[PDB]
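One structure is given here, and the rest of the page talks about it.
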Amino acid sequence: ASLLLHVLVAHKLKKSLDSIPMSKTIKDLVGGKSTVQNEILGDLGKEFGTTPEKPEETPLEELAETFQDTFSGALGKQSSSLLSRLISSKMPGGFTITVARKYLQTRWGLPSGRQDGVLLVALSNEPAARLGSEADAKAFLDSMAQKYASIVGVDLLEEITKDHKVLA
Amino acid sequence: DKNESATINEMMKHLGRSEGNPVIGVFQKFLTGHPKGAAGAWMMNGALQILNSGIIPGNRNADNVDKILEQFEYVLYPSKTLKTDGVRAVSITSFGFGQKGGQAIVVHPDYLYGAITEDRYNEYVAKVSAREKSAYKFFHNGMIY
Amino acid sequence: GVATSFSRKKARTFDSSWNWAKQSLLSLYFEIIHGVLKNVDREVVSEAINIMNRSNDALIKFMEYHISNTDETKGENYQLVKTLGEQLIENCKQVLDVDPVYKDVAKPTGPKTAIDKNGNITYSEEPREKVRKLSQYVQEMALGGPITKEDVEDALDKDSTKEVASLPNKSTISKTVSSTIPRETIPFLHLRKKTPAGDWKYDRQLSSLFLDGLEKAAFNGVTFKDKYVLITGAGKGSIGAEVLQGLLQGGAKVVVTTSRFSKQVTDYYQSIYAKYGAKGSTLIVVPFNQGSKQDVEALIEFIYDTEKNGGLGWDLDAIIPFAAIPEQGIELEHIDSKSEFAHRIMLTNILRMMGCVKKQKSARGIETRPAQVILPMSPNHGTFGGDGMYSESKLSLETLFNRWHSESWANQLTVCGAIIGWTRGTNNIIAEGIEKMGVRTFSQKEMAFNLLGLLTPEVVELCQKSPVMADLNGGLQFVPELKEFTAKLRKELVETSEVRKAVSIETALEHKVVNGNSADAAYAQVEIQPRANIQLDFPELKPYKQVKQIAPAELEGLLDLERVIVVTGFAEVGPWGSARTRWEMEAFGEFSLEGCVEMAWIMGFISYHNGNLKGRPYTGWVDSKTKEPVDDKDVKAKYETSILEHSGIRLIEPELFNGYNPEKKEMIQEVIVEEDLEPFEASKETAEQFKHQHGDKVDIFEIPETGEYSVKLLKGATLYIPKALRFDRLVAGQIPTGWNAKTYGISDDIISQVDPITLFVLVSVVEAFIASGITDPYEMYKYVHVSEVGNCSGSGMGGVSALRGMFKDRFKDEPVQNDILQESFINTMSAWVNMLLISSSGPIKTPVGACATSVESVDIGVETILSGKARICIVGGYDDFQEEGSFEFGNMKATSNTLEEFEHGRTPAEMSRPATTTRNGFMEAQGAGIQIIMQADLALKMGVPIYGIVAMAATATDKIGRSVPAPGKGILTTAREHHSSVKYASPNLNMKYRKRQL
Amino acid sequence: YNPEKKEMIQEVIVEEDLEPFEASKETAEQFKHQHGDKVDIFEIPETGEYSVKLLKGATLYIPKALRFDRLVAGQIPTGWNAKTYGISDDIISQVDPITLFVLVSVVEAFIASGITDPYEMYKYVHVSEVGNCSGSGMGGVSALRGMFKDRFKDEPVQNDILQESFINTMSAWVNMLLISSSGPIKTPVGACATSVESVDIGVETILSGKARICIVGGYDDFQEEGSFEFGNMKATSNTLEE
Amino acid sequence: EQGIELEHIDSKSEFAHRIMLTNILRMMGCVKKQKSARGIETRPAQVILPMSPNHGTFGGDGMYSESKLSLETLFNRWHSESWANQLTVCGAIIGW
Amino acid sequence: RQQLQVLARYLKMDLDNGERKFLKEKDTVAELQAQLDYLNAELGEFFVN
Ligand SMILES: NC(=O)c1ccc[n+]([C@@H]2O[C@H](COP(=O)([O-])OP(=O)(O)OC[C@H]3O[C@@H](n4cnc5c(N)ncnc54)[C@H](OP(=O)(O)O)[C@@H]3O)[C@@H](O)[C@H]2O)c1
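Top to bottom, those sequences are chains A, B, C, D, E and F. Under the entry's author numbering, residues 147 to 302, 328 to 339 are what the first sequence spells out, in order. Under the entry's author numbering, residues 1550 to 1694 are what the second sequence spells out, in order. Under the entry's author numbering, residues 389 to 538, 600 to 875, 881 to 1452 are what the third sequence spells out, in order. Under the entry's author numbering, residues 1114 to 1355 are what the fourth sequence spells out, in order. Under the entry's author numbering, residues 776 to 871 are what the fifth sequence spells out, in order. Under the entry's author numbering, residues 340 to 388 are what the sixth sequence spells out, in order.
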């Protein structure tokens, strides 16, 4: 629960996850512009549906505990949407979510649970522009993997084609 | 509405409005909506209808004014029209983004003519009488054609 | 018909009584001082109790100042309120802190059917003569009738003012009216008592304490404070619509349900609560149908759930399930679906209402607060004709006594049967016939009184030892063989009606063959249809003696009239048309004739025509689509449906916004894939702007062996088709669908060149001058210099249709008129006003206060004028609505989400609820509104309609532009004054002192 | 913004004919109401993975580019950050560039007046007598770009975006961050003569008696939504013919 | 049905109500259509409604009471309605 | 997979009606069930049965 919460609390605040400590509360966190507070609380509401009535004062770590229990690996709609945009917007052509997920379980071998975490951690540090080649996407995913892994503590012939070409 | 009603209360609470004499909330926007910029000119437009009509419209969409509005004992919130014996003044307040407030009050036109001499008044009276007819004529030709 | 129709999110709680009390009181003033109600009318007291019932120390002060300030010398009616009011202010001071009672005052009315000798039948419910009080009713209820045989005279219809003092006094009875029950005589309202044989016989004692409790409930009234009631089936003018008005007066907390949930059905219920509901009274209007089991399994959960689970937190103290559907003409071979459905509305779900408040009574453990049921029964058990399965429905409800003793739910439910007697309303034309058999028939408000006396604290215990039956039947079980006795009374009323229809027409026809209709046509009188004669609503000028009186006598000669600003015209283009045809749906709620013809002309329904159409000279309004003549008397019938269908807050009509379809908001996406063989070329058309995306990515052959030339490329691009996806903010207050400027005289070029919003602003400025007796703007220059006619108008965003053209449309590669930036401005919307009407002459200001621009406009407009810069100034404001704007307001979450209003069962014409408990946001509309403000003395020598006196305008802000979307104290500073020392008098506030100095 | 690559909306080159066209599993949710009923469905599970099946006859989704002429403008000196003046990092990420200019000019305008902290004004004058009569031309054109043009491009736009597009809400942050002033506060928009109008309403405000102190002035920005419009008006000097 | 009291009245009862009441009603309601189409009006069908004295006097029989209690309303109709010539009610009793 | 699709361009043989049929056949089964279980939710599985 903490993972998703923290990641979703930094995506709406354009700051990296480190700049937002779980101990503080959103009330302080917003800065005042209460317009974001309602959006931040609304974004989590749809991604958890469950909420206490007045969360705006409950600390990040305290508000995560209640969500951590109820939520069980269900990445939610909001989270799903957010991730989809990330891969869609910023990843080279032909490099869809499926390809990224497959590469994570192939070149790094992570299951869905671990795969989702890496993808969810990538949102926090989105690239400011669309990556060019598969290499960039592969590198970015690999670079984010380390962070995700650390955020948790889990470290890690031809002639058949030659003639297959000639007739073409 | 929580705030607009709040602030009306103190400026009557502070000015020593008589206890038990509330001002009557006219909420024009139930019909029309919010013409983001045109607002205060619809509600000043209506506020003049009222001074000369004495008819205070009502929020025909007011199911249940919120309890939190009861603490403001200097304001009603009608829901049916009210043919009064005559309004003497109307305050038009308005709020919008960027902390631009704004409150204009209108007095009843008849308090003006008390400041002019008689022969001048009924002189003006005849003058308007003619313009009214002419404006009537022109409004109907144009409306037709 | 078994379709689920109830949502927990769909309830509608009415409770703000503390307000309606000050509304109902103030309402009395303006009927009495306007002589709408007289000192003899039954409502002045039937209303004074509803305001007493809502008594508070705040409301006392509300009428104290109002009464103590009503100058009685202004007229006799001013004396009538000065004297009546003081009773209420002293009556309400007593019944403060006492529970509120209802005390029905209406004149009990009897049936009266009269047939014209013309043979025309009509039913009237005239006020009975022997009973003019409610005590008179309960006594003639006690005396029985000649077939049921085996006076504190007050000022009701005489002086309602003196009866007001009698309302709070507890006029105690000494001679109990239960003594007036003659022996061997059954009264009209008797309770019953099971005999060990099994039947139910009239008991006299047990029917005595019921009946006097009524008579007590009629002099002092009964209170229902702390009741908690469910009541189903309460349509306007129905059986239990009048028990609701009684439940609410007593201070009951009620749940009323309806099958037809709409807006006119709740604006009904709103007017019920605003009139009747007393202190602590509360009603909830939920949608519902009885016939849906899944819907009673859900309404009671909603009543027996905490206000945290979204529930209601209540606990029922009485259930009144009256809800029924009509069926008539259904005999035994016609009993089918509609009946098998009605049986469920009445029986098996009234069974599962009780069968399912116990589950909640018993889970909480509540066993000391039992819910009295009030089964509406009847004596009609297959004695009438073909009512369908309405008999074994309401007959299989007295089996609800064989169970209160047999079964286990005795502690939580207490049956209290009742009777549909003969209540008129809901066959109404033979009531006067039966009453000649010594039988009483009841008005609904009368049968209201009876079932409502079935809740009296006396009976409540009586129900709580044994199930009671309460025969509120006038004796209709005694008139024998009533079926055809009934069927004869009406079979005669059609004969005597139709024979005087047939005899009357032929004698009138006889009179046309012996005398001929050549002279009989002069007797057909010529009857004239009113025509639409619009008006300008100039202020009326009462004579000088009247106005020199209203202002202080020292005022004359005391004001610099050059410095008194004054509104002189105004106009408007809203969702309701001009300012004349919005003040109608504002003040009067519906259109006049002059309002329905104008809304017909500005929506392009009717046109004009003179000359010769169909040869004949037609001069007057005509259809605009079919061009077929239409009189202004048949316009309200022919069009008022669509005029109201397409005006005001509506579901957004897309063709008013050039294709904006809020269910298809367009955006930017990519598509699906193929089998791999693809390089990709181009053609010979737009190579010229469009050539700097890709790079050096070709397999060129510059040797002419090919022949036609196209850039050769491969995968790795991003390209060119927008896409679409849904949205929620789905209504806005359009201008009436069909509004063209062409109708007003705006040329065709300008509309094609100008932005829509300016196209609104012109129309409003002409009408604002029209409305000021300035028909051509240049007359201003007869009195004032060309450089002293200002303009201080402004918009919000303004021109948003042009910003759409350049910031969004131009790079879509479609034809945009190259003058497009000129319209996007706010400066260049009051420009065309000067460019097309005024020819004014300075530096001309233009406010932009995002939403308070139109008051700022008056602020700068006034300070402009008394500065000396201008003698005449146009002020005002205007803005438009399109998706570039609404969508932004959407994600701000500022305007009310519409889908979650279609799940609150809110309707389009009600989604703007200012100062409301369930307010959710606002509704953006579109249009303009301006007004010409001038100096005073200029207006007096110009001769113009002076409408107001802008005595102050002032905008205010906290500090630097810091955080826009939140309002604050700002304006409170318009009252900054110093109360440090107020002990001495401030001479400057007096005029008699300021006049001497002058 | 590269005036030699002004971006616009176009279509591409062709192939050899064998093509129905599918979709994937990501944004089915907003994006589903273009085509119509144009499929060769098989609802019998013999296939396995699911994608809307369609054909030629659409219009779709890649912008393109093409050249332009109006090619110089008087930028602020390249490298100007507000960070240099003391403006926080949040505000610059939240506020429109033009307001980011306006703050910097109001501090320096008080600096230049011996008023180093704005509250000293309140030592002499009531909090309700410090006005503001500033205004812009278009104003916030970088935000209008975000909603009237950027938002339907499907890229992240900060949802507070409409608040900055205004002209009212640029002198707001001045009050929100410096002054704490107290009335109805005017705002002219004279397309190019706003800054004299601002002084006009500013003066009449003060000798009216409404305010003792008033901020007047003007401000505006420059981007391609604005210059290109001024280009086709033929109002600003063509650069190639220069 | 037994053990069915007021908070247990559901499907099985709402079904039993149809076996006993609204279809005994549509049995009579549909021999008339045949009596009347032939024109048979001298050979009326005596109905024998099985009634009972148990009208909620016993315990939780379910909706068995207002089923067989809403059958004596079949006399308010033999006189009221039009099917008197083809059907003749003859109530009876489930004794013990 | 490629030579397939371009070859289907030529016969104008839609490879996806075998699913558009199946997809519309499916949602008009869900909304057809949505009725059929509303009745069991209101008539009861003893009555309907
Ligand atoms: N009047 C008599 O002489 C007499 C005699 C014996 C008994 N009664 C009893 O009188 C009671 C009160 O009403 P009324 O008959 O006097 O007047 P009524 O007009 O029959 O009242 C009918 C109410 O039924 C509600 N309703 C209709 N169908 C419904 C459904 N399917 N689901 C939920 N609610 C439905 C309607 O509420 P909406 O209108 O808001 O939909 C309607 O107004 C009835 O319960 C009837 O059994 C009357």
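A virtual CB, placed ideally from N, CA and C, is assigned to each residue, including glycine.
Option nearest residue i by Cα separation, candidates the options
{"i": "C/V1240", "options": "C/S1278, C/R1325, C/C1246", "result": "C/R1325"}
{"i": "C/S920", "options": "C/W853, C/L909, C/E886, C/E935", "result": "C/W853"}
{"i": "C/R1070", "options": "C/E1159, C/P1083, C/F896, C/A667", "result": "C/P1083"}
{"i": "C/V1254", "options": "C/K1266, C/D1209, C/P1301, C/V1287", "result": "C/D1209"}
{"i": "C/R520", "options": "C/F450, C/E514, C/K495", "result": "C/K495"}
{"i": "C/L663", "options": "C/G1330, C/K505, C/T510, C/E900", "result": "C/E900"}
{"i": "C/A683", "options": "C/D675, C/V705, C/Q698", "result": "C/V705"}
Which residues DSSP lists as bridging residue i, in chain order
{"i": "B/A1638", "result": "B/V1656"}
{"i": "C/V1027", "result": "C/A1382"}
{"i": "C/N1115", "result": "C/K1118"}
{"i": "C/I733", "result": "C/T401, C/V704"}
{"i": "D/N1288", "result": "C/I1414"}
{"i": "C/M1406", "result": "B/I1654"}
Cβ of residue i within 9 Å of any chain C Cβ
{"i": "F/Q341", "result": "yes"}
{"i": "D/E1310", "result": "yes"}
{"i": "B/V1674", "result": "yes"}
CB contact check: residue i to chain A, cutoff 9 Å
{"i": "D/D1203", "result": "yes"}
{"i": "D/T1307", "result": "no"}
Buried versus exposed, by CB contacts within 10 Å (16 or more), residue i
{"i": "C/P645", "result": "exposed"}
{"i": "C/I869", "result": "buried"}
Cβ of residue i within 9 Å of any chain F Cβ
{"i": "C/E1128", "result": "yes"}
{"i": "E/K787", "result": "yes"}
Collapsed DSSP secondary structure at residue i in the structure displayed
{"i": "D/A1141", "result": "coil"}
{"i": "C/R641", "result": "strand"}
{"i": "E/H783", "result": "helix"}
{"i": "C/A962", "result": "helix"}
{"i": "D/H1148", "result": "coil"}
{"i": "C/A1186", "result": "strand"}
{"i": "residue 1524 of chain B", "result": "Not covered by the structure: residue 1524 of chain B. The range shown for chain B is 1550 to 1694."}
{"i": "C/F673", "result": "coil"}
Residue i at chain D interface by Cβ criterion, 9 Å
{"i": "F/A369", "result": "no"}
{"i": "B/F1579", "result": "no"}
{"i": "B/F1646", "result": "yes"}
Closer than 9 Å, Cβ to Cβ, to anything on chain G: give me those residues from the stretch 845-857 of chain C, in chain order. Absence of chain G from the displayed structure is noted, the protein chains being A, B, C, D, E and F.
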